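Encoded as structure tokens, the following chain is the form deposited in one PDB entry, with no partner shown.
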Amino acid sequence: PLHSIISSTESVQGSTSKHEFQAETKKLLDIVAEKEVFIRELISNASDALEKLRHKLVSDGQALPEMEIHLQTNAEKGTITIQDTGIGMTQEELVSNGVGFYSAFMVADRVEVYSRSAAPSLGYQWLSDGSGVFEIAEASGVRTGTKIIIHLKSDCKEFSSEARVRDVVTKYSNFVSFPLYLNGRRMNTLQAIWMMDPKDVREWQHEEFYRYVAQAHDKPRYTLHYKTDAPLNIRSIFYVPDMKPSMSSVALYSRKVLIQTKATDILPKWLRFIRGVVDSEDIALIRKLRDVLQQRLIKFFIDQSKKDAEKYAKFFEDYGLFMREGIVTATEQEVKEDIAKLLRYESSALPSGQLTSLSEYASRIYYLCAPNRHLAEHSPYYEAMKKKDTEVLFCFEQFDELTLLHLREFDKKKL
């Protein structure tokens, strides 16, 4: 089954009318005159076009048309073509000076455009060779929506071969909310469920997605679907893998098209065990986004350990290492402090199997060496405190020492 709609149905009966770009549109259209980015942009607009249309037909409500996004390559003409069937542009929009303009030209020696607005409006050609002048003529045979043809620069002819284009689409445009055909071959779309409302995402749907974003074969031991608009637009999903970890990677999205796939320092360093996905509508800022996500995660765990102390304990043995690096490698004491509220430790208050949290040691901090309750339960330094009043805290882990020393205190407590 081959299915694409892209062919030359157009002609310019009349004759074009050259224009000038405004004084500014020039000075960026020449500083520009990394590299694969532009299709991600062009796919975006071609969707956004279609969304704006769909949203307007249901308004009144006569049955929807075909709504696709197509991409065509030409080996012998050296071209690439993207035609959505969206709401389209009118003649005025065509002349009024908005991302995709500068990326298409960053690869094109010359762009060709066939737009036509949905309002039953004529169709127009739009030519430009990246110099200050763009012709625009009424054109015959234009199909509703917007075709974009690009005769690629001499040196950027790579995007002209199909074997090179597929990865760019699979990478960035795997979640566009309308069908997307490369050469009429349907390109996959998974559902971007991180956009949805946390209540409407079933449990089975999270799993299917965890299995994708993490390349795994199990379920997620925890799930966090953080959707909030107050600080920044975020539509996020977090998953912690179930079993014990043995040898960041949250993807980074903006309005369903990928920016960065292995987002480094989107999350802290001690949170590098989270997969899932952060999405925003905001394209140095990250040093604000990383800190605010850090808080929501710490929340989620402090409040898991409130929900179900057994699942948490299983997790804190599996992943307590990162939590320690968190406090040794974090520099600002309140962040270290807020991570310690996740540490659980064995202590004199119950037999082996007592995880006390330091937070609860507020009954009255002393701590001892490792690793077994026997070398702890008879240590001349321990028993010195067993004849003494205070309750000691038993670390039983070796890197716990450096954690609890680099965490130089807790809640202004000696530690």
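Under this definition, the rigid core comprises the largest set of C-alpha atoms superposing within 1.5 Å between the forms. Quick note: we count residues from 1 along the sequence shown, nothing fancier.
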property: Check: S248 without coordinates in a third or more of other entries; result: yes
property: Residues with no coordinates between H374 and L375, taken from the deposited sequence as a class; result: none
property: Unresolved deposited residues in the interval that joins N97 and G98; result: 10 or more
property: Which of 35 to 43 and 379 to 387 has higher mean CA B factor, as the PDB entry lists it; result: 379 to 387
property: 293 to 301 versus 167 to 175 - which carries the larger mean C-alpha B factor in the record; result: 167 to 175
property: Residue, from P268, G141, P231, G320, that the PDB entry assigns the highest Cα B-factor; result: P231
property: Maximum C-alpha temperature factor, selected from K311, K256, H217, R235; result: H217
property: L404 - Cα temperature factor, lowest/middle/highest third of chain; result: lowest
property: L29, C-alpha B-factor rank within chain (lowest, middle or highest third); result: highest
property: Record-listed C-alpha B factor of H206: chain third; result: lowest
property: B-factor third for the C-alpha atom of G130 within its chain; result: middle
property: Record-listed C-alpha B factor of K227: chain third; result: lowest
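The form deposited in another entry exists for this protein as well; it is not shown, and the discussion that follows is about that form.
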{"item": "Flagged residue of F178, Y226, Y222, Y345 - C-alpha shift reaching 2 Å or more between the shown form and the other one, core superposed", "value": "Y345"}
